[PDB]
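Asker: So the protein lines, in turn, are chains B and C.
The first sequence begins at 1062 in PDB author numbering and counts up one residue at a time.
The second sequence begins at 1062 in PDB author numbering and counts up one residue at a time.
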Amino acid sequence: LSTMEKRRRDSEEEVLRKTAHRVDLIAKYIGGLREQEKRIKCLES
Amino acid sequence: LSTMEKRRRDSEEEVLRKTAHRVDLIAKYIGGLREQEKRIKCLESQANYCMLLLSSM
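As structure tokens, then:
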């Protein structure tokens, strides 16, 4: 069972699915996260 | 052997997996940066609040 499941994990199609999901997660949050980098520098001063 | 090596390296599946790992690191760091930015925003707001009363002398 362990081996079959490790094979299911390392499956290429699921790898692509996971990667695409992560990139979309980037697009949602990091898509908005890359903002106000200079705000901390402007206010801290 | 160098030829077989170069072939093993540029193998498409290896490309995909190296890409996956790089994306893993980048996305984890993006989440961490989001959390740290939230915490820093809270800290700067509180410091700007308190310094007004703790002004000087």
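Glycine is no exception: its CB is placed at the ideal position from the N, C-alpha and C atoms.
Compute the distance between the beta-carbons of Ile1091/C and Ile1091/B, then report whether it is under 7 Å.
Answerer: Their beta carbons are under 7 Å apart, which means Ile1091/C touches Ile1091/B by this criterion.
Asker: Could you tell me the alpha carbon to alpha carbon distance between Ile1087/C and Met1118/C, rounded to whole angstroms?
Answerer: Distance between the alpha carbons of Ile1087/C and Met1118/C is about 46 Å.
Asker: Which value, in whole angstroms, describes the spacing of the CA atoms of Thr1080/C and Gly1093/B?
Answerer: Rounded to the nearest angstrom, the two C-alpha atoms are 23 Å apart.
Asker: Taking just the CA atoms, how far does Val1076/B sit from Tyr1110/C?
Answerer: The straight-line gap from Cα to Cα measures roughly 47 Å.
Asker: If you measure between the beta carbons of residue 1019/C and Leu1062/B, is that distance less than 7 Å?
Answerer: Any property of residue 1019/C remains undetermined from this structure, which presents chain C solely from 1062 to 1118.
Asker: Quick one: which chain C residues come within Cβ less than 8 Å of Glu1073/B?
Answerer: Those within 8 Å of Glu1073/B in chain C are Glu1074 and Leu1077.
Asker: Skipping 5 residues on each side, what residues in its chain have a beta carbon closer than 7 Å to that of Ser1072/C?
Answerer: The answer is none, since no qualifying residue turns up.
Asker: Quick test of your reading: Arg1083/B and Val1084/C, contact by CB under 8 Å. State the CB separation rounded to the nearest angstrom.
Answerer: Confirmed, Cβ separation roughly 6 Å.
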